[PDB]
Amino acid sequence: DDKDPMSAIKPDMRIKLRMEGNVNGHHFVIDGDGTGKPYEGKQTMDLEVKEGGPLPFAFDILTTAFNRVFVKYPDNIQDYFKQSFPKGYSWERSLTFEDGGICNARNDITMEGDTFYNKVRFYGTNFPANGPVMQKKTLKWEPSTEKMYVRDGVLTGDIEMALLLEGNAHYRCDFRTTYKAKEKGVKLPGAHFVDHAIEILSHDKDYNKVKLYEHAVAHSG
């Protein structure tokens, strides 16, 4: 062990992002600019809708597609994401909501110097016209625990999410993310959990500009 552990992943990195896709036929393009500390499991991002604004659907369904490199991994758990760089990795995610709405998100994450670049694509469909997503009745994603494990040789993360709605109601969704490193020799980690909390710090009236924050910590049992 004579190599620099932070030779690729610096304690303070920048994040550049561009999201492209549509939800129920409404195309949009959102840019992302923020920083974060990977070893502390924190990241902040200033978002701006460049096309398709104002979004006719809830902005909360997109926040989780706006990088597990910002996870505070203990020394007894293999960090599959921090060992994915400088080359990077990518993930594919499916979001299955309780009223039939289904989304497919993916992000190709590369590293150029001190900046994380993200090529995000978000495609949602089957959302009911009177549902809380199209009617914009959501408030926040509840903090929740993602479970990491190896499924058929690929690092998989399932979690049961929940969106707080207006009127003391909840709107649940089931996530399934597959994380693949571009170097196919990166050692897969063991089964562990990732407690995370995502929230919108500030936003304008039409959600054209959003300041997003996320905090995540990894642990086992």
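Scroll up to find the structure.
Residues numbered from 1 in each chain as written, not as in the entry; some residues may be left out. Heavy atoms only, no water. Residues with missing side-chain atoms left out of burial classes, pairs and counts.

## Comments concerning the side chain of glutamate 214
- In this structure, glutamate 214 sits in strand β12 (residues 209-219).
- Separated by 3.0 Å, the side chains of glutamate 214 and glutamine 43 make a polar contact.
- In terms of polar contacts, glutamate 214 uses its side chain to reach the side chain of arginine 68, at 2.8 Å. (Helix = DSSP H or I, 4+ residues; strand = E, 2+ residues; numbered from the N terminus. Polar contact = N/O pair within 3.5 Å; in protein donor to acceptor, adjacent residues only side chain to side chain.)

## Observations concerning the pairing of strand β10 (residues 169-181)
- Strand direction decides the pairing type here: strand β4 (residues 89-97) and β10, joined by nine bridges, are antiparallel. Note on β10: the bridge partner recorded for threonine 96 is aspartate 174.
- Of the pairings in the sheet, the one linking strand β9 (residues 154-165) to β10 comprises eleven bridges and is antiparallel in character. Bridging across to β10, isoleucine 159 finds its partner in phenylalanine 175.
- The hairpin turn running from β9 into β10, its antiparallel successor, is three residues long, and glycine 167 in that turn takes a positive phi close to 90 degrees. (Pairing = 2+ DSSP bridges.)

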